[PDB]
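S.K.: The structure is given below, and queries will be raised subsequently.
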Amino acid sequence: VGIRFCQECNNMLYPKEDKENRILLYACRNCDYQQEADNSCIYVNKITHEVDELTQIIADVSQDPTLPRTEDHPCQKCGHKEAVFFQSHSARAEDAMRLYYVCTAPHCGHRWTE
Amino acid sequence: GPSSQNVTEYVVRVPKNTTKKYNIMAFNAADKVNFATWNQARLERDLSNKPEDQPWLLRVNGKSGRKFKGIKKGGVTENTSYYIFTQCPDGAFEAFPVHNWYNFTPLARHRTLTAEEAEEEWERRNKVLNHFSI
Amino acid sequence: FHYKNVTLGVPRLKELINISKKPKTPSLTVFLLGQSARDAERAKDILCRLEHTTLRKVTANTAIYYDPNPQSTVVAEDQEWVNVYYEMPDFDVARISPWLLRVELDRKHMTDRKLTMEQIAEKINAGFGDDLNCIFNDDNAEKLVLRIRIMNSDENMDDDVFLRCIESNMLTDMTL
Amino acid sequence: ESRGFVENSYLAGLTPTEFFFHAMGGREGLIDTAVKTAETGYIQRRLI
Amino acid sequence: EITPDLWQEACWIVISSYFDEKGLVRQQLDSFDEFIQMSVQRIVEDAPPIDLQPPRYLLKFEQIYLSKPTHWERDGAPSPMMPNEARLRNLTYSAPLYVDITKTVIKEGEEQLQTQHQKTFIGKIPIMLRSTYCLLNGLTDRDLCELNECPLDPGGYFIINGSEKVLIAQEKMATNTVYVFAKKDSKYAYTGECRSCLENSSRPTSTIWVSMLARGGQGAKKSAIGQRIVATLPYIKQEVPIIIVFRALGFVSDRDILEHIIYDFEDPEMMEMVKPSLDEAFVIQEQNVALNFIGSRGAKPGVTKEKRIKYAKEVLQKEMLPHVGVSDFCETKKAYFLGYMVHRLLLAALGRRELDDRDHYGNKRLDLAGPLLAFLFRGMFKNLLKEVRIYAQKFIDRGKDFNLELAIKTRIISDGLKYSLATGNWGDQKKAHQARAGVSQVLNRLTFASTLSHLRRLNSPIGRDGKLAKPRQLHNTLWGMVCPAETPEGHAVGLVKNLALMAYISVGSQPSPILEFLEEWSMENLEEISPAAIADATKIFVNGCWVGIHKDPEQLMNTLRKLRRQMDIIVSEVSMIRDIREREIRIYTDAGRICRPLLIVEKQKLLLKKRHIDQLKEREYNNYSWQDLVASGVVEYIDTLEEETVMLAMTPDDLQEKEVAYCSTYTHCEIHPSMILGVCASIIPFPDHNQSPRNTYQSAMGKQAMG
Amino acid sequence: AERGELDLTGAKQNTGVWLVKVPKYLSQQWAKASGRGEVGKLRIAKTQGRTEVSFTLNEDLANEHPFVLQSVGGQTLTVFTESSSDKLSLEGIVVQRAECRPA
Ligand SMILES: [Zn+2]
Ligand SMILES: [Zn+2]
């Protein structure tokens, strides 16, 4: 799923097929450095696009003076009783009125939806 | 250890003259070059530009060794001079001025290519894509 | 601005006064005859049959694997139903082509339109040619998977570029 | 409150964040009248 | 010490301090004093000498002087002209212009003979009334009446052939920033833009796109690889793939290219998108053949090879992103910025950041009299040097000698400015077809409030009949900086606009003293850093140029701010934005941004204690005024961009009380919400009781009332 | 023995050198180096959790500069020379980089 760079000329390693041992070989097209593939899959295309933005929001958003705050929902990892919540603010806005939270305690940065 | 509790004081001199100009030769760490493998080297100003401005050409190991091209940095003493500090047998420090900064990078010897040939290849490949469709 | 989308007022007047071949919002009011005109289920199914459904509206993801033999199955679960296929294997006449395509399906948009894998796999095989092979699961399972292989009768045209070309052609061109 | 519901009247007066919105709505109508007059002076004339 | 519910008389005592010092037409008077103290000295000083040739000669200009406006009588006796005679006798109010020229002859004739002619006459510049260079500067009412002048006249206009001309501020799209749009009609699925200009030194402004082709390209195998990122450089005919123009700067390897464009290699979704960009630039894999590829299609197709490799060298060096650096060195910066321009184009395709807005009023700049006359003075100083050569060569081939007092055609600058101002078309006399019209119209003197409402007027340069509504509708960002009710009807609805009462336009400054502070506050430069220490750092921009990174921004920010609050290193008109999410920091110092003062709020209380009021109602014999109020850190100018990272309260006694409250982190507070109206719309009693279109009619109707 | 021949001795000796950034005004003071070229003395104090280096001007040169140590990681640095006899030599590899800042 990732990418492979040549170890000699630092370029993009293409996948190739050899008719001897039935194993995927990654080859270069400037030099001919070789090696075998460990996962033996090339292409993947996610159309659902249901990526949870809990992996994209940053912990320093709790320094924003223009975001609402809450005393109801406390943090689990530290027990702080003050959070700051917001919406998806991104694409995939068909049914996007969820409410992600971020703890505001210094050096906690814990994030969670509900 | 001495890096923690180590203490000392040494004299610094800045000689108004030197027997040789001092330059910096910089390598990418990512290459992790084993200098021990350098049995010999040749070092000459690059010939594409056909002197003091010339980029360097480094040829490791005489006849059979690696090759790098060194390109001069834009500036070296535009705001602050760079000094080489060396330890002497008397413990005192000696400082040497950096004359220039050259950037050294690795070279790909294998392969040989043509412009007209490459363009011609591109059209045929482009054409093959449009042929035999549906 | 204040009232579907139908143009009124001045721009529809200047669409009728000339004969503009692309009106800005054309429509087509559809009446019904028999039992479909009274019950809601039949009318809904008729609407689903009429409205255009491309294949990418009922897909989840497409993932090109590398199985040189169908008995390897680097995919961690799919040895069961291709082992059901391995009880009687068919179409190994020329060779076995290693490059595979694999579509997951979303059952909300699938069961919304009363479709199944048998008429999709009927359409994407009878209609394209015989250049592919379309195997699929049983409807007992939760996930809907259909594996697609290229035809071996050409290998007896690099098939990675070719198989990605038919992967990005079958997602847009199928008209179910 | 945040998006334009003017809950006062013309006799109780308007708050600032509400007079600005009422100015936006009245502005759109003024633009429409100017554009409409230009359209009128042509379509009808061509038909005659 | 606090101010409880004495507020209604306290807010009107700081507003009085504002207008007693600034006035209502400081907009016009401050951009002129700038154009004539700095922007004119730099133009002649930063001009190439005219070395010319056997012997050869030197000429270079050093210093500029001016004298008070003067009129030459019929028999050649000068005398200072007062602004009144200029109106009666249909004169023109202008001042003569001098310069120092030095001339050295270089013939290596065992002696370098130099000589200079100081205070050489050049031409005459118009003078804006009541400036620092007028005859009415700093006079008292007993003397203003003695010259038959009105003590209430605001000033800020020119007198040209008897008439009274006024310059209209023109709008303009902001420069040196990246904007991402989406043209839904053409081949492109996304587009970026960056108009660059190297610090007021270039007649044109080079613009560069970074496109991306459409997905539904009806084809065979382009179907499989996907869209290819393209670029449309200036001064070339054909589109160019981006990997090619990357290699023309060095960086031939594809591990080094893909670290300027992607800043973290744990992201497979983005790397998949840049993969089909390498496949088409794979066969051309070295520097010199790349320069030939772009060098093959220019304004001149190269017949030989070395000229193309030469031609492609400077166009990629002096026309590509001139705002970053124009020197032939420091080409690692042009690579990072071109990488950031592409890294930002992908984020708009994965749907991780929203597209930019065209009419968002934080992306606009205003051209006052300063940045308008300076643009017109360049094209006429080059035109004056282009014709000292033509007179020197014709006169030195015969080898006689040289004389310069006869080379200078003085009618070039005098009649050049006076023409375009008097007639309006912003161009040249033989160029009455290529110029922008509508500038410099005649002052309106029907009633005294029709005069003030003319010296404060903007103008968006879009067409006057286009039916597109989005450049005409009222935008949310006009709060407090443009009057919402005042606009004319007809065909120019929403195209000309008047600015609010306290709105203040910036004049500009040099970014030198902030850069020298930033480097000593632990900011890593771009060169001496590894591209893997860039994922958790906040890129620091200054004036449009990427100038480093930082690893602890929140302490940098509230250190930059508390310096501006008390005005040590940074002047009060710079704006400093920080967006937490996109993880960067921007700083601006240029001219054209529009500001307005606000009240600074600490934890939940105002910073304006009663001690500031009981000593501000005494300005008459205390010498304590608006300036001593800014320099004490209780008010602050807030730009439009900076106004998106702020939380405002509309009134102290009512919004800053602890309760079950709306917010609790208020950062600023307004002075009085009645300063959001223009000049002609603030004479209406109870304007918050009328229907909205009614307030628009009167503001366009009190301009034609007799008085 | 050739013009384009580079001496590798320093490198092969693994010779180390130190790199220090110095302001021009100080460097202008240094062009007036006292005596043969002496400019002052360097003081180095290391503790269990803190290390301090500074330089003090020669009393003659005067008529404390703390050092900021900078990393040399990410890029290998070595020093190479050109004699007045145009002979070429590699003196060493850079083992330290630093910057002089006022106090
Ligand atoms: Zn390779
Ligand atoms: Zn927490």
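The way I read the labels, and the way they are meant: chains A, B, ... in the order of the structure tokens, residue 1 as the first residue of every chain, and ligand 1 as the first ligand shown, with later ones counted on from there.
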Could the residues that lie within 9 Å of ligand 1, counting only C-alpha atoms and all ligand atoms, be listed as an MDAnalysis selection string?
M.R.: chainID A and resid 5:13 27:34
S.K.: Take the residues from that selection and write them out as a PDB file, in the first residue's frame, keeping C-alpha atoms.
M.R.:
ATOM      1  CA  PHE A   5      12.426   3.872  -3.213  1.00  0.00           C
ATOM      2  CA  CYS A   6      15.511   2.472  -4.916  1.00  0.00           C
ATOM      3  CA  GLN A   7      18.579   2.000  -2.736  1.00  0.00           C
ATOM      4  CA  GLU A   8      21.032   3.175  -5.410  1.00  0.00           C
ATOM      5  CA  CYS A   9      19.574   6.122  -7.354  1.00  0.00           C
ATOM      6  CA  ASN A  10      16.727   7.018  -4.948  1.00  0.00           C
ATOM      7  CA  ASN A  11      13.831   6.692  -7.373  1.00  0.00           C
ATOM      8  CA  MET A  12      10.436   5.010  -7.508  1.00  0.00           C
ATOM      9  CA  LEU A  13      10.463   1.215  -7.506  1.00  0.00           C
ATOM     10  CA  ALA A  27      12.321  -3.145  -9.925  1.00  0.00           C
ATOM     11  CA  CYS A  28      13.788   0.230 -10.860  1.00  0.00           C
ATOM     12  CA  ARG A  29      13.704   1.809 -14.306  1.00  0.00           C
ATOM     13  CA  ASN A  30      16.917   3.836 -13.989  1.00  0.00           C
ATOM     14  CA  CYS A  31      19.059   1.055 -12.554  1.00  0.00           C
ATOM     15  CA  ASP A  32      17.836  -2.515 -12.090  1.00  0.00           C
ATOM     16  CA  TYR A  33      17.987  -2.915  -8.311  1.00  0.00           C
ATOM     17  CA  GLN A  34      15.680  -5.718  -7.196  1.00  0.00           C
TER      18      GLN A  34
END
S.K.: Counting only C-alpha atoms and all ligand atoms, name the residues that have an atom within 6 Å of an atom of ligand 2; the answer should be given as a list in words.
M.R.: residues 75, 77, 78, 80, 103, 105, 108 and 110 of chain A
S.K.: Residues within 12 Å of residue 76 of chain F, please, as a ChimeraX atom specification. Count only C-alpha atoms; anything in the same chain fewer than 5 positions from it doesn't count.
M.R.: /B:24-35,103-105 /F:11,16,71,92-97
S.K.: Go ahead and save the picked residues with C-alpha atoms, as an mmCIF file, in the first residue's frame.
M.R.:
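The new file selection22.cif reads:
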data_model
loop_
_atom_site.group_PDB
_atom_site.id
_atom_site.type_symbol
_atom_site.label_atom_id
_atom_site.label_comp_id
_atom_site.auth_asym_id
_atom_site.auth_seq_id
_atom_site.Cartn_x
_atom_site.Cartn_y
_atom_site.Cartn_z
ATOM 1 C CA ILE B 24 33.701 23.152 3.910
ATOM 2 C CA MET B 25 33.017 19.789 2.287
ATOM 3 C CA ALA B 26 29.504 18.689 3.198
ATOM 4 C CA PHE B 27 27.928 15.256 2.791
ATOM 5 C CA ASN B 28 24.341 14.083 3.205
ATOM 6 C CA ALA B 29 24.134 12.029 6.403
ATOM 7 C CA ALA B 30 21.459 9.892 4.733
ATOM 8 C CA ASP B 31 24.182 8.313 2.590
ATOM 9 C CA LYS B 32 26.333 7.400 5.621
ATOM 10 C CA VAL B 33 29.529 7.362 3.550
ATOM 11 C CA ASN B 34 32.319 5.149 4.877
ATOM 12 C CA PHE B 35 35.380 7.375 4.491
ATOM 13 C CA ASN B 103 27.529 21.062 -1.570
ATOM 14 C CA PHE B 104 28.533 17.555 -2.439
ATOM 15 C CA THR B 105 26.031 14.987 -3.844
ATOM 16 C CA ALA F 11 39.515 12.220 6.908
ATOM 17 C CA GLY F 16 37.811 16.482 14.067
ATOM 18 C CA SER F 71 23.745 20.239 15.774
ATOM 19 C CA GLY F 92 39.315 16.903 9.024
ATOM 20 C CA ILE F 93 35.651 16.169 9.704
ATOM 21 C CA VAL F 94 33.468 18.630 11.635
ATOM 22 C CA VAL F 95 32.719 17.325 15.133
ATOM 23 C CA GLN F 96 31.104 20.536 16.443
ATOM 24 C CA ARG F 97 29.151 23.585 15.279
#
S.K.: Please give the complete set of residues from segment 23-156 of chain C that DSSP, run on the backbone, assigns to alpha helix (DSSP H), formatted as JSON, numbers by chain.
M.R.: {"C": [40, 41, 42, 43, 44, 45, 46, 47, 48, 49, 50, 81, 82, 83, 84, 107, 108, 109, 110, 111, 117, 118, 119, 120, 121, 122, 123]}
S.K.: Deliver the residues from the most recent selection as a file, using N, CA and C atoms, as a tab-separated table (two decimals), in the first residue's frame.
M.R.:
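For reference, result_33.tsv as written:
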chain	number	residue	atom	x	y	z
C	40	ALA	N	-47.53	1.87	-2.90
C	40	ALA	CA	-46.31	2.65	-2.85
C	40	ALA	C	-45.07	1.84	-3.21
C	41	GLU	N	-45.11	0.53	-2.92
C	41	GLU	CA	-43.96	-0.38	-3.17
C	41	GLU	C	-43.70	-0.52	-4.68
C	42	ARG	N	-44.74	-0.83	-5.46
C	42	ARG	CA	-44.58	-1.03	-6.93
C	42	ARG	C	-44.08	0.28	-7.56
C	43	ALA	N	-44.65	1.42	-7.17
C	43	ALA	CA	-44.22	2.71	-7.75
C	43	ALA	C	-42.75	2.95	-7.43
C	44	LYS	N	-42.35	2.66	-6.19
C	44	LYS	CA	-40.94	2.87	-5.75
C	44	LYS	C	-40.01	1.97	-6.57
C	45	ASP	N	-40.39	0.70	-6.77
C	45	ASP	CA	-39.52	-0.22	-7.55
C	45	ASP	C	-39.41	0.28	-9.00
C	46	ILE	N	-40.53	0.77	-9.55
C	46	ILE	CA	-40.53	1.28	-10.96
C	46	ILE	C	-39.58	2.48	-11.04
C	47	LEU	N	-39.62	3.35	-10.03
C	47	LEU	CA	-38.73	4.55	-10.01
C	47	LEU	C	-37.28	4.07	-9.95
C	48	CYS	N	-37.00	3.05	-9.13
C	48	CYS	CA	-35.61	2.53	-9.00
C	48	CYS	C	-35.15	1.97	-10.35
C	49	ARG	N	-36.04	1.25	-11.05
C	49	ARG	CA	-35.71	0.65	-12.37
C	49	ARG	C	-35.43	1.76	-13.38
C	50	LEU	N	-36.22	2.84	-13.34
C	50	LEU	CA	-36.07	3.98	-14.29
C	50	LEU	C	-34.78	4.76	-14.00
C	81	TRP	N	-15.04	-19.84	0.30
C	81	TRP	CA	-15.94	-19.91	-0.84
C	81	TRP	C	-15.22	-20.16	-2.15
C	82	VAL	N	-13.94	-19.80	-2.25
C	82	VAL	CA	-13.15	-20.27	-3.39
C	82	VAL	C	-12.64	-21.68	-3.14
C	83	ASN	N	-12.80	-22.20	-1.92
C	83	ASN	CA	-12.61	-23.63	-1.71
C	83	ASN	C	-13.87	-24.40	-2.10
C	84	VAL	N	-15.04	-23.78	-1.90
C	84	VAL	CA	-16.28	-24.28	-2.50
C	84	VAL	C	-16.16	-24.28	-4.02
C	107	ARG	N	-24.67	-2.95	1.23
C	107	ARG	CA	-25.99	-3.57	1.13
C	107	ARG	C	-27.15	-2.60	1.33
C	108	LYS	N	-26.90	-1.38	1.79
C	108	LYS	CA	-27.98	-0.40	1.88
C	108	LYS	C	-28.38	0.08	0.50
C	109	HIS	N	-27.40	0.49	-0.31
C	109	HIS	CA	-27.67	0.89	-1.68
C	109	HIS	C	-27.98	-0.30	-2.58
C	110	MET	N	-27.56	-1.50	-2.19
C	110	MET	CA	-27.88	-2.70	-2.95
C	110	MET	C	-29.31	-3.15	-2.72
C	111	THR	N	-29.69	-3.40	-1.46
C	111	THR	CA	-31.05	-3.80	-1.15
C	111	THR	C	-32.05	-2.66	-1.31
C	117	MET	N	-25.91	-9.95	-6.54
C	117	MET	CA	-24.66	-10.19	-7.24
C	117	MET	C	-24.84	-11.04	-8.49
C	118	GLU	N	-25.97	-11.73	-8.62
C	118	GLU	CA	-26.15	-12.64	-9.75
C	118	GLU	C	-26.47	-11.90	-11.04
C	119	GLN	N	-27.25	-10.82	-10.97
C	119	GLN	CA	-27.53	-10.03	-12.17
C	119	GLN	C	-26.51	-8.93	-12.41
C	120	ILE	N	-25.81	-8.47	-11.37
C	120	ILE	CA	-24.62	-7.65	-11.59
C	120	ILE	C	-23.54	-8.45	-12.29
C	121	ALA	N	-23.22	-9.63	-11.75
C	121	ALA	CA	-22.24	-10.51	-12.38
C	121	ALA	C	-22.73	-11.08	-13.70
C	122	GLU	N	-24.05	-11.11	-13.91
C	122	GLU	CA	-24.58	-11.40	-15.24
C	122	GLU	C	-24.33	-10.24	-16.19
C	123	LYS	N	-24.42	-9.00	-15.69
C	123	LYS	CA	-24.27	-7.84	-16.56
C	123	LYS	C	-22.80	-7.57	-16.90
S.K.: Please identify all polymer residues within 12 Å of residue 530 of chain E, counting only C-alpha atoms, omitting same-chain residues fewer than 3 positions from it, and present them as a VMD selection string.
M.R.: (chain B and resid 28 to 30) or (chain E and resid 256 259 to 260 263 524 to 527 533 to 535 537 548 to 549) or (chain F and resid 71 to 75)
S.K.: Store the residues picked out above, limited to N, CA, C and O atoms, as an mmCIF file, in the first residue's frame.
M.R.:
data_model
loop_
_atom_site.group_PDB
_atom_site.id
_atom_site.type_symbol
_atom_site.label_atom_id
_atom_site.label_comp_id
_atom_site.auth_asym_id
_atom_site.auth_seq_id
_atom_site.Cartn_x
_atom_site.Cartn_y
_atom_site.Cartn_z
ATOM 1 N N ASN B 28 25.630 14.490 2.663
ATOM 2 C CA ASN B 28 24.341 14.083 3.205
ATOM 3 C C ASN B 28 24.547 12.948 4.200
ATOM 4 O O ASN B 28 25.206 11.957 3.881
ATOM 5 N N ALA B 29 24.003 13.086 5.409
ATOM 6 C CA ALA B 29 24.134 12.029 6.403
ATOM 7 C C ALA B 29 23.418 10.772 5.922
ATOM 8 O O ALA B 29 23.817 9.655 6.248
ATOM 9 N N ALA B 30 22.351 10.974 5.151
ATOM 10 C CA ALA B 30 21.459 9.892 4.733
ATOM 11 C C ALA B 30 22.203 8.827 3.925
ATOM 12 O O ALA B 30 21.769 7.680 3.841
ATOM 13 N N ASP E 256 14.165 13.197 -3.166
ATOM 14 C CA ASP E 256 14.327 14.579 -2.742
ATOM 15 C C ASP E 256 13.185 15.456 -3.232
ATOM 16 O O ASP E 256 12.814 16.422 -2.560
ATOM 17 N N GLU E 259 9.958 15.055 -0.925
ATOM 18 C CA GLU E 259 9.991 15.557 0.439
ATOM 19 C C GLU E 259 9.791 17.061 0.516
ATOM 20 O O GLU E 259 9.598 17.588 1.615
ATOM 21 N N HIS E 260 9.854 17.763 -0.614
ATOM 22 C CA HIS E 260 9.416 19.150 -0.645
ATOM 23 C C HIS E 260 7.907 19.250 -0.785
ATOM 24 O O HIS E 260 7.318 20.258 -0.389
ATOM 25 N N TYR E 263 5.177 16.235 3.421
ATOM 26 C CA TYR E 263 5.947 16.501 4.623
ATOM 27 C C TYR E 263 5.913 15.369 5.635
ATOM 28 O O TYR E 263 6.523 15.502 6.701
ATOM 29 N N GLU E 524 14.353 28.332 13.310
ATOM 30 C CA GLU E 524 15.261 27.662 12.390
ATOM 31 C C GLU E 524 15.022 28.145 10.970
ATOM 32 O O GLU E 524 13.888 28.148 10.488
ATOM 33 N N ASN E 525 16.091 28.547 10.290
ATOM 34 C CA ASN E 525 15.992 28.902 8.886
ATOM 35 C C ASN E 525 15.590 27.672 8.070
ATOM 36 O O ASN E 525 15.552 26.546 8.570
ATOM 37 N N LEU E 526 15.277 27.887 6.793
ATOM 38 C CA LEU E 526 14.861 26.777 5.946
ATOM 39 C C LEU E 526 16.033 25.921 5.486
ATOM 40 O O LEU E 526 15.909 24.693 5.424
ATOM 41 N N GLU E 527 17.163 26.541 5.150
ATOM 42 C CA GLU E 527 18.295 25.783 4.631
ATOM 43 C C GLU E 527 18.837 24.804 5.660
ATOM 44 O O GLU E 527 18.969 23.609 5.373
ATOM 45 N N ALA E 533 11.819 17.097 10.220
ATOM 46 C CA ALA E 533 11.505 17.863 11.417
ATOM 47 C C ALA E 533 10.496 18.947 11.085
ATOM 48 O O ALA E 533 10.508 20.036 11.663
ATOM 49 N N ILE E 534 9.609 18.656 10.138
ATOM 50 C CA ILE E 534 8.664 19.629 9.610
ATOM 51 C C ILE E 534 7.220 19.222 9.847
ATOM 52 O O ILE E 534 6.314 20.010 9.566
ATOM 53 N N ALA E 535 6.979 18.021 10.372
ATOM 54 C CA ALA E 535 5.609 17.545 10.520
ATOM 55 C C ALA E 535 4.931 18.160 11.736
ATOM 56 O O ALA E 535 3.730 18.450 11.701
ATOM 57 N N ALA E 537 5.819 21.125 13.268
ATOM 58 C CA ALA E 537 6.297 22.489 13.406
ATOM 59 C C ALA E 537 5.346 23.422 12.682
ATOM 60 O O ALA E 537 4.660 23.024 11.738
ATOM 61 N N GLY E 548 10.989 30.157 7.664
ATOM 62 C CA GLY E 548 11.481 29.287 8.712
ATOM 63 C C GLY E 548 10.372 28.422 9.270
ATOM 64 O O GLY E 548 9.308 28.277 8.675
ATOM 65 N N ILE E 549 10.666 27.833 10.429
ATOM 66 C CA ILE E 549 9.706 27.064 11.203
ATOM 67 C C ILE E 549 9.949 27.346 12.679
ATOM 68 O O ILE E 549 10.879 28.060 13.053
ATOM 69 N N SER F 71 23.602 21.650 16.216
ATOM 70 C CA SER F 71 23.745 20.239 15.774
ATOM 71 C C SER F 71 24.382 20.168 14.384
ATOM 72 O O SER F 71 24.245 21.144 13.620
ATOM 73 N N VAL F 72 25.078 19.066 14.088
ATOM 74 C CA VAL F 72 25.690 18.881 12.779
ATOM 75 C C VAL F 72 25.065 17.655 12.139
ATOM 76 O O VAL F 72 25.508 17.184 11.093
ATOM 77 N N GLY F 73 24.023 17.150 12.789
ATOM 78 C CA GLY F 73 23.294 15.992 12.307
ATOM 79 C C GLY F 73 22.494 16.309 11.060
ATOM 80 O O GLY F 73 22.112 17.457 10.832
ATOM 81 N N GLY F 74 22.247 15.290 10.252
ATOM 82 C CA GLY F 74 21.503 15.452 9.016
ATOM 83 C C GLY F 74 22.400 15.777 7.837
ATOM 84 O O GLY F 74 22.009 15.603 6.684
ATOM 85 N N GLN F 75 23.606 16.258 8.129
ATOM 86 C CA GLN F 75 24.565 16.593 7.082
ATOM 87 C C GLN F 75 26.003 16.459 7.576
ATOM 88 O O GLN F 75 26.431 17.197 8.462
#
S.K.: Skipping near chain neighbours, those fewer than 3 positions away, what residues fall within 12 Å of residue 63 of chain B using only C-alpha atoms, listed as a PyMOL selection string?
M.R.: (chain B and resi 39-42+58-60+66-67) or (chain F and resi 5)
S.K.: Got time to write the residues from that selection, N, CA, C and O atoms, as an mmCIF file, in the first residue's frame?
M.R.:
data_model
loop_
_atom_site.group_PDB
_atom_site.id
_atom_site.type_symbol
_atom_site.label_atom_id
_atom_site.label_comp_id
_atom_site.auth_asym_id
_atom_site.auth_seq_id
_atom_site.Cartn_x
_atom_site.Cartn_y
_atom_site.Cartn_z
ATOM 1 N N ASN B 39 40.166 4.966 -0.606
ATOM 2 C CA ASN B 39 41.583 4.637 -0.666
ATOM 3 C C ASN B 39 42.327 5.841 -1.209
ATOM 4 O O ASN B 39 43.428 6.168 -0.776
ATOM 5 N N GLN B 40 41.688 6.502 -2.167
ATOM 6 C CA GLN B 40 42.238 7.699 -2.777
ATOM 7 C C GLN B 40 41.102 8.555 -3.302
ATOM 8 O O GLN B 40 39.956 8.113 -3.379
ATOM 9 N N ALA B 41 41.428 9.788 -3.666
ATOM 10 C CA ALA B 41 40.443 10.674 -4.260
ATOM 11 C C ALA B 41 41.129 11.616 -5.230
ATOM 12 O O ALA B 41 42.301 11.951 -5.063
ATOM 13 N N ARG B 42 40.388 12.053 -6.242
ATOM 14 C CA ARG B 42 40.857 13.122 -7.102
ATOM 15 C C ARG B 42 39.906 14.285 -6.902
ATOM 16 O O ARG B 42 38.712 14.076 -6.693
ATOM 17 N N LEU B 58 34.701 15.569 -7.462
ATOM 18 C CA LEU B 58 35.423 14.658 -6.588
ATOM 19 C C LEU B 58 35.364 13.257 -7.149
ATOM 20 O O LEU B 58 34.288 12.710 -7.365
ATOM 21 N N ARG B 59 36.532 12.680 -7.388
ATOM 22 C CA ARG B 59 36.599 11.315 -7.866
ATOM 23 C C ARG B 59 37.337 10.472 -6.845
ATOM 24 O O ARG B 59 38.546 10.600 -6.672
ATOM 25 N N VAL B 60 36.616 9.637 -6.115
ATOM 26 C CA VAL B 60 37.225 8.763 -5.124
ATOM 27 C C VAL B 60 38.032 7.677 -5.834
ATOM 28 O O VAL B 60 37.734 7.321 -6.972
ATOM 29 N N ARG B 66 34.306 6.179 -6.448
ATOM 30 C CA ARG B 66 33.052 6.963 -6.587
ATOM 31 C C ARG B 66 33.285 8.357 -7.176
ATOM 32 O O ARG B 66 34.453 8.718 -7.413
ATOM 33 N N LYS B 67 32.210 9.117 -7.388
ATOM 34 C CA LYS B 67 32.235 10.453 -7.969
ATOM 35 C C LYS B 67 31.084 11.294 -7.411
ATOM 36 O O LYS B 67 29.934 10.860 -7.409
ATOM 37 N N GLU F 5 44.789 16.322 -7.371
ATOM 38 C CA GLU F 5 44.864 15.287 -6.345
ATOM 39 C C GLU F 5 44.540 15.841 -4.960
ATOM 40 O O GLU F 5 45.162 16.799 -4.502
#
S.K.: Could you list, as a PyMOL selection string, every residue within 10 Å of residue 6 of chain C, counting only C-alpha atoms and ignoring same-chain residues fewer than 3 positions away?
M.R.: chain C and resi 3+12+24-27
S.K.: With N, CA, C and O atoms retained, could you export that selection as a CSV table (one decimal), in the first residue's frame?
M.R.:
chain,number,residue,atom,x,y,z
C,3,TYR,N,-40.0,29.3,-3.3
C,3,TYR,CA,-41.1,28.6,-3.9
C,3,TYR,C,-41.4,27.4,-2.9
C,3,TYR,O,-40.8,27.3,-1.9
C,12,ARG,N,-37.1,31.5,-17.5
C,12,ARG,CA,-37.9,30.5,-18.3
C,12,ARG,C,-38.6,31.2,-19.4
C,12,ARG,O,-38.9,30.5,-20.4
C,24,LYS,N,-32.4,25.0,-18.5
C,24,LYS,CA,-31.5,25.0,-17.3
C,24,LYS,C,-32.0,24.0,-16.3
C,24,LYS,O,-31.2,23.5,-15.5
C,25,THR,N,-33.2,23.5,-16.4
C,25,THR,CA,-33.7,22.5,-15.5
C,25,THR,C,-34.9,21.7,-16.1
C,25,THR,O,-36.1,22.0,-15.8
C,26,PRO,N,-34.6,20.8,-17.0
C,26,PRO,CA,-35.7,20.0,-17.7
C,26,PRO,C,-36.2,18.9,-16.8
C,26,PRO,O,-35.5,18.4,-15.9
C,27,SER,N,-37.4,18.5,-17.0
C,27,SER,CA,-38.0,17.5,-16.2
C,27,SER,C,-39.0,16.7,-17.1
C,27,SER,O,-39.3,17.0,-18.2
S.K.: Report as a ChimeraX atom specification the set of chain C residues whose atoms approach chain D to within 10 Å, with distances computed over only C-alpha atoms.
M.R.: /C:10-11,13-14,17
S.K.: Would you mind exporting C-alpha atoms of the selected residues as a short mmCIF file (atom, residue, chain, number, x, y, z; two decimals), in the first residue's frame?
M.R.:
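The new file out-v3.cif reads:
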data_model
loop_
_atom_site.label_atom_id
_atom_site.label_comp_id
_atom_site.auth_asym_id
_atom_site.auth_seq_id
_atom_site.Cartn_x
_atom_site.Cartn_y
_atom_site.Cartn_z
CA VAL C 10 -37.87 35.86 -16.56
CA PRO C 11 -35.25 33.12 -17.38
CA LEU C 13 -39.61 33.13 -20.40
CA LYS C 14 -36.37 33.69 -22.28
CA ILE C 17 -39.04 32.66 -26.44
#
